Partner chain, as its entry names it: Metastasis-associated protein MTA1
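First, one chain by itself in structure tokens, the form deposited without its partner chain.
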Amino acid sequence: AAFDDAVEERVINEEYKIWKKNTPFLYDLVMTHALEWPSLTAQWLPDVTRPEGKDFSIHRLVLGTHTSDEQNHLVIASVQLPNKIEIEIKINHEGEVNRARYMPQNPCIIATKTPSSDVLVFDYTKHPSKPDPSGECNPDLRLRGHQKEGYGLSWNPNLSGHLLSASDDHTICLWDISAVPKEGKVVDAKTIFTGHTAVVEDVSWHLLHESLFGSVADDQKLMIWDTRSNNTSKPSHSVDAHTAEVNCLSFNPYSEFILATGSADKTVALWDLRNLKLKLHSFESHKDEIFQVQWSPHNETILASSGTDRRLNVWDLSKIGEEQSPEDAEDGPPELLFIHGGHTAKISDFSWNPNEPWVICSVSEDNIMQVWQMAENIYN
């Protein structure tokens, strides 16, 4: 018992040695940073500073902590990228930061998921950069509605202040904070959606249609919801998406009918909203549960996925069905563009840089943050 956890470490350490050796051929950029505590969350902020006549630019990241019995913080870090990684702000946070997402219409506004089931809202410019030594958490809003913690969190990019949240209590909560002064008010949910019968793992608004969002859960279902519908216990569409828990979904930012889901069944599924009866494709190479899937912000055929097998896989759906030499068919399907092997623990989250194509930040349970970019010859 618990012995196989010892040799898998030995094999992990050997494959990481090989990966370090090959980085000059596979990567145009690799930066590794160890955080004091692991982050469960990562997301690039949308703005960049390009200081006068210097060869780099400064990008920022929302991170959090996951401590054991120590004060937690919401974290803004800065990264220098060519055309250094420093913590810039820590805000006191009650419990670990399950997930933090900035508001598209105002990226100073950051929503977080707490273990106590509260969803918190910070305007990070309304807080000192060094946290209150009391440790007391002073969020700008507290959003009530859940009875248990959760993970999914999604701001509507077309209706400002309309925030979705998924929870282990089997529900999805909607808040509209748009006319609520950000002075520590408590806001209860406008609507709670109850279609799922199990933990709801993720939720996401459609990028174009202001009334449409999807949810995925441990009941193996993808549900498509319309906020214009009066029935909140039954979604517009409900699909048996996977043979196990569905942990994540992402709408394609360029293709309004396409989305992707990732699952404990170790696959990423591709979906067309016009016919949810037929899975479009199943991306298979992961060796364990997938927890994050994200489409590229620059390239409509590119998406990436990560999870417990410590790999981050980048997929190119324009390559589905192309011929391979049997030596090439070895490493996997043609639509597998790249496998990032730099992490040695479960990957907790990743984010594509919105301003520097092909740059990704990924964070893992062993406190590692990596900012990396695969070699340009790999995506031509």
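By rigid core we mean the largest C-alpha set that fits within 1.5 Å across both forms. Residue numbers count along the first chain shown, from 1.
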**Message:** So, in 6 other deposited structures of this protein, taking the root mean square over structures and residues of the Cα distances after a rigid core fit: is 305-313 or 141-149 the more displaced stretch?
**Reply:** 141-149
**Fill in**
Judged by RMS Cα deviation after a rigid core fit in 6 other deposited structures of this protein, the more variable of 114-122 and 218-226 is 114-122
**Message:** Quick check on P181: across the other compared entries (only those modelling residues on both sides), is it unmodelled in a third or more?
**Reply:** yes
**Asked** Where the other entries model residues on both sides, is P334 skipped in at least a third?
**Response** no
**Unmodelled stretch of the deposited sequence separating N83 from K84, binned as none, 1 to 3, 4 to 9 or 10 or more** = 10 or more
**Message:** If you take the mean CA temperature factor per stretch, which one wins between 214-222 and 270-278?
**Reply:** 270-278
**Request:** Compare the mean C-alpha B-factor of 248-256 with that of 126-134 as given in the PDB entry, and name the stretch with the higher value.
**Result:** 126-134
**Request:** By the entry's C-alpha temperature factors, tell me which of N230, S204, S238, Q292 sits highest.
**Result:** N230
**Request:** Could you tell me which third, lowest, middle or highest, the C-alpha B-factor of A42 occupies within its chain?
**Result:** lowest
**Message:** Looking at the temperature factor on the CA atom of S305, which third of the chain's modelled residues does it land in?
**Reply:** lowest
**Within-chain third of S351 by Cα B-factor, per the entry** = lowest
**Fill in**
Entry-reported C-alpha B-factor of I91 relative to its chain, by third, is middle
**Prompt:** Which third of the chain holds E183 when residues are ordered by C-alpha B factor: lowest, middle or highest?
**Reply:** highest
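In what follows, reference is made to the form solved in complex with its partner chain, a form of this protein that is not presented.
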**Asked** Are any of the heavy atoms in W352 no more than 4.5 Å from a heavy atom of its partner chain in the bound PDB entry?
**Response** no
